[PDB]
Amino acid sequence: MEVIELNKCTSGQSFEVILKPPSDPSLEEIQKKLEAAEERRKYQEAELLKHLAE
Amino acid sequence: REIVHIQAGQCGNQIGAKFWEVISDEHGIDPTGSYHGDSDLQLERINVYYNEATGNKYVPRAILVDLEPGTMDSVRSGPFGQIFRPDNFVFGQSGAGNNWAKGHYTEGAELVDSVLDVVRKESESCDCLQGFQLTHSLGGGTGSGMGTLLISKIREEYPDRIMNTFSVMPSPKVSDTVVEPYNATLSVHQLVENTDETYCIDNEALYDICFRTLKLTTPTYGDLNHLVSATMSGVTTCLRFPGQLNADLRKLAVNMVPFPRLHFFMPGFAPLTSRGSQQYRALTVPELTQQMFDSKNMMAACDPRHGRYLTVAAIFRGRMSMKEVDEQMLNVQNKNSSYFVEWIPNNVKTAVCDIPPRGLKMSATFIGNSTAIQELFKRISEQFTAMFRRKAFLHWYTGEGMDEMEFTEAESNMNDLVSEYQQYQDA
Amino acid sequence: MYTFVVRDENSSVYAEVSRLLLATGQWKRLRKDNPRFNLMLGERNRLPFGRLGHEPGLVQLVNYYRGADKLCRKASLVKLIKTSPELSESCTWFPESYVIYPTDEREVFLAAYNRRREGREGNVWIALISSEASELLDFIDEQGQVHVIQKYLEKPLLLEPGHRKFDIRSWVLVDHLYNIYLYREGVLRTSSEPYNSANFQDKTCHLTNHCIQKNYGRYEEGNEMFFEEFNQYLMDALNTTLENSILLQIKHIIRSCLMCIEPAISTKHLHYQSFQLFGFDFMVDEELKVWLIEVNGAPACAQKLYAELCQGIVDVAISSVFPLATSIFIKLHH
Amino acid sequence: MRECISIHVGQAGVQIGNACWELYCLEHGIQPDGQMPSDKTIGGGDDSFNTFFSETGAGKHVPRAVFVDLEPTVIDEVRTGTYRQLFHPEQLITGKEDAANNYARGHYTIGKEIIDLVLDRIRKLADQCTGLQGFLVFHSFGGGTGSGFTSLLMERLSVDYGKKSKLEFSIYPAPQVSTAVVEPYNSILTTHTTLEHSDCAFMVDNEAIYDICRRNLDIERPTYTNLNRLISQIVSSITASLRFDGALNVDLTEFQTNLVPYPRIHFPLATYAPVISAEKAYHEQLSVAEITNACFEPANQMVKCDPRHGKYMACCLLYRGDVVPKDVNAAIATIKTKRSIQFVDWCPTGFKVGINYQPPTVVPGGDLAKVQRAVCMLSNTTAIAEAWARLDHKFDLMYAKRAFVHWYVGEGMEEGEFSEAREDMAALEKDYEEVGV
Ligand SMILES: Nc1nc2c(ncn2[C@@H]2O[C@H](COP(=O)(O)OP(=O)(O)OP(=O)(O)O)[C@@H](O)[C@H]2O)c(=O)[nH]1
Ligand SMILES: Nc1ncnc2c1ncn2[C@@H]1O[C@H](COP(=O)(O)OP(=O)(O)CP(=O)(O)O)[C@@H](O)[C@H]1O
Ligand SMILES: Nc1nc2c(ncn2[C@@H]2O[C@H](COP(=O)(O)OP(=O)(O)O)[C@@H](O)[C@H]2O)c(=O)[nH]1
Ligand SMILES: COC(=O)Nc1nc2ccc(C(=O)c3cccs3)cc2[nH]1
Ligand SMILES: [Ca+2]
Ligand SMILES: [Mg+2]
Ligand SMILES: [Mg+2]
């Protein structure tokens, strides 16, 4: 029904029509997570190498 | 995205040579190593399996291994024998006498370092090695025993590289010696631990196909190997030619292997063709699809209806309607959705390559990860036990330093593998 | 060979349907959680509509309309009626009703309760059946549930012999094309007790579904009078037919309810499709005027009619979508 | 003028990035060699298109874009493509081997080795920005790079650019055009880690785009090329307000303001119309009413779902072509009376409308026919939660058997992250339901 905030220009126009009214992690923790996973990889790799050594 | 190829033993070198002659033809490479083809599609990924030689020759990234020179001399005098890098021929003289212990512990141990030197030399030339592949049988001594020793040492030096095998399983129907179940059982546990993919190529199935289907009354190893090289060409089409799929070995394995130990695949191929015997009518897409899911095209001699598919991959080759491929594939599944696990959504995947293999206007290669593969290992286990009960033929092994305990362990971890397959079949 | 799953084991109707499908040999049953189905005979609560129609190369069909619960709940039906211009609020075939919550249109209800307190009238109501507003409202406040207060039809049509009360149940099938099919066979769920005007907690007297009643089986086997008999009665006793006196209104009411919610629930351009069987409950007063009592989204059938209805469901709702290698329905045209 | 940096991650992100930048050039009159004959301010300026392009003294207009893939095949096709001159080498970052559809490999293993390099190349773009708004990030859910590296990138961008806004264009996984099976894992994992770092995310389900291509473009088996050209049109419709003169959605911040009242629920549904085949020899041009009404047909949505059974929180209509406010309102009035459109009680029932007079540009030789008027509707409906439901169910099926999990654990990820991610998704589905019913 009610058309509001109509703005016009050469490229086009915009407006709003209303039908009815209503009724973070730090760099430290990031680099620690990445390095904890890298350790787990290196631990798993060492278990494999030890197993192969046996 | 280079792949390093290794072939060990008599069987390994014979199917390996066959493989290289098949894909060399597909890439337009002659036995001299010179490219003469008519499509750039043949050369776009030729570096995966071939090294470029100064004076534009292509040299297979292949390492040929044996404990006796017999079969490798046959290779060197073979059709494409001269295409291989001469330094990559690594061989002993003593042989392995169909003895896993000789291949894995004594004779093979003496030669294994020399093989690794060549592996390393080929790896250091790779811009980015994506993995290794090995051809071998499990029933002999070199391919089975030294091949798995090789795999163990490669995993030590390259712990983050993909290792895939095309492994020929022994069968009394096509049998050299009685100790094949011993060698196979010892080898299977090595494969459970140190490969990402093992294509279970059963000599029983290969025989039955040549006999019952290809109507060859007395099939040779040559007839059997025609099926193997045709299947290996299909399994690696994905990697050798441009198309829908450009996954490296690791990405391929990730989507096929839900559990680390259950990586033994049932391969298949359609249409089934005997060598030389031309036939002129190409298959319709419904014919391709129905055959590749039929047990008679399976090369593992397991009944897929006796298990459930964890994952399935199918590569179609040739000029065809992929929409029609889509419909026939989803026909087969939706018809038989009780032979596919329901806790891995969309576990049946398809791809097409425009380039058909030599001799066929269209073909399809099947790769099934089924729990029905346990029938193969149960079969080997029964034959193992029948002899091991009486400790028969064990002196061949104890004479090389092995203990009965190592057999008992091998027996046990294959029975674990069998039961592990049973666990997911009833899920 | 088509595939289907069953996620409601206590459905009298679709247990029958699934067995009919199997006996065609062109339908295979999968187990509950297999997503590769063509047909889903779903559960009645929390049916996973959001997961339907996302399996490539599989036409999927479900035996329930998403959103149709707004018709098949008493609180919702009153509000659906009351707020929809197509029906409301001078809707002549739906009893005067109000939405009541336990401690809403409570104040609105007593404004009506008063004026024929304030002069002339029957002022009996129902949720319990009473004549005193206060007696209902704290019935309602110690249930817990949300209840509906509806005008009680104090002048029902009474069957003779017996001076009995009854309600009519009609079965309506809506297919994936939103065709509205009325099953030609309805049933009168009669009271075996004679109707008692004065005292209202008689309830055997005033409530007519075939649970309470089990004077049972006195007049007709199972207190269920079918259409052939009821028609013959109307001809003999009232000089009229079931078609003219009652069925025209029933057809009018069914079509009007389903046309209202059609844009809200239609699956004409959806990635999956729906059909659904409804049970419309009607009430006839002594002047042969039909009133809508309620609608059930998961109705059961009468025992003699299970074979016919469920076969009808397979023919026009399921095989219309998945074909195989005079009609028992009346199509309400629109 | 305030600048916007585009970041394209993995195969999906890169190829869609290419399609979009191609379309951008055609729309702004920018040639493949970077020249823009209509730009009279040589060597610089602060026009609206400068939000996406910077200028060299030689007059070349270069995309404020960075391309990143853990494998070189796709980005190499940018290096040698028809728009090779458009970009400079330091915008294109490639690895050696990819994440193999493994989130853990994209996030932890390979991601750690290249994250600093990417941030450095991003920093060099930000240094040429007088006033940076933030980032538009393109990627798939299913890829190991698209899921894994993106979530890590988003985390670091929140660190290095705390007050900047970040928007996502995310490709939701569809079995019809995928040969992967682990994508439900990667999707849930990347959504959980990225959720707090993204202000607004536009999901595009390949299933929906696929069927639109089949049904309306009459392409029997749609390729990525077909899919991407269509996707680029939608993306263009969404970003046009940042590249052209206007008053609606002129800032990244306005996207949250206009479309996202509740932070976690920042996944607006996009619907686009009309999609007409270029091979259609005779087409009757559609009116404002016809294309606006088509914004409420599920068959035109980027994600198949049913908005009738949800609630709206916001709704924007973005028109391109011969459209005037009168005909929009006349269309809305009729649509309101004929369709089920329910807003949440704490939001006004209304539409924010933007009109750009220039009709949609089509790629020469593409599949899309030129039309006199087009519209993209951006609506924040709870009905898009159906997509999370589908995904989470597939996740649950596999994870109960721990299928494929060893691949992730083997790259250093812990099993608990699976359950933590799944619980966050469980919370999200419940947020949607509280708001929605
Ligand atoms: N719409 C669209 N989707 C794509 C495109 N390329 C890949 N996808 C989808 O993305 C998913 C696979 O992820 P990719 O983006 O290819 O993988 P990635 O981001 O490169 O990550 P990795 O390859 O695992 O390192 C699948 O669901 C594909 O359908 C594309 O060009 N367009
Ligand atoms: N407004 C009214 N006036 C008179 N009688 C009424 C009435 N509403 C209901 N009744 C009687 O009360 C009974 C119970 O009504 P209601 O329809 O709520 O029960 P119900 O929910 O079990 C029907 P169904 O089992 O088919 O869903 C009806 O059988 C009808 O006989
Ligand atoms: N399919 C196939 N199987 C073979 C071939 N040669 C040998 N075999 C099988 O391999 C087993 C013998 O192993 P073999 O390779 O000869 O022993 P090795 O040389 O010591 O490794 C037996 O089961 C044979 O049936 C062949 O060319 N093709
Ligand atoms: C040498 O090692 C391999 O070739 N391994 C391998 N593993 C594979 C798994 C799948 C496919 C393949 O072709 C697919 C078709 C459709 C989906 S995947 C091809 C594969 N090749
Ligand atoms: Ca300028
Ligand atoms: Mg031999
Ligand atoms: Mg990639």
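Computation of the quantities below employed the complete heavy-atom set of this structure, encompassing side-chain atoms and omitting hydrogens, waters and symmetry-equivalent molecules. Below, chains carry the letters A, B, ... as their sequence lines are ordered, and counting in each starts from 1.
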Self-check item: Minimum heavy-atom distance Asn334(B)-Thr3(C), with the two atoms named
Solution: O-CG2, 3.9 Å
Practice problem: Tell me the residues of residues 67-80 of chain C whose non-hydrogen atoms fall below 4.5 Å from those of chain B, in number order. | Solution: none
Quiz item: For chain B, which residues of residues 300-334 of chain C have at least one non-hydrogen atom nearer than 4.5 Å to it?
Solution: none
Exercise. For residues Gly57(C) and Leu330(B), report the shortest heavy-atom separation together with the two atoms involved.
Key: CA-CD1, 4.4 Å
Exercise. Using the test ring pair (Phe, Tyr, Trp, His ring centres under 6.0 Å), find all partners of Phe49(C) that sit at least two apart in sequence or belong to another chain.
Key: none
Exercise. Give me the contact list for residues 258-270 of chain C versus chain B, heavy atoms only, anything under 4.5 Å, ordered by residue number.
Key: none
Practice problem: Pick one of side chain, backbone, both or neither for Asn346(B), based on which atoms fall under 4.5 Å of a heavy atom in chain C. | Solution: side chain
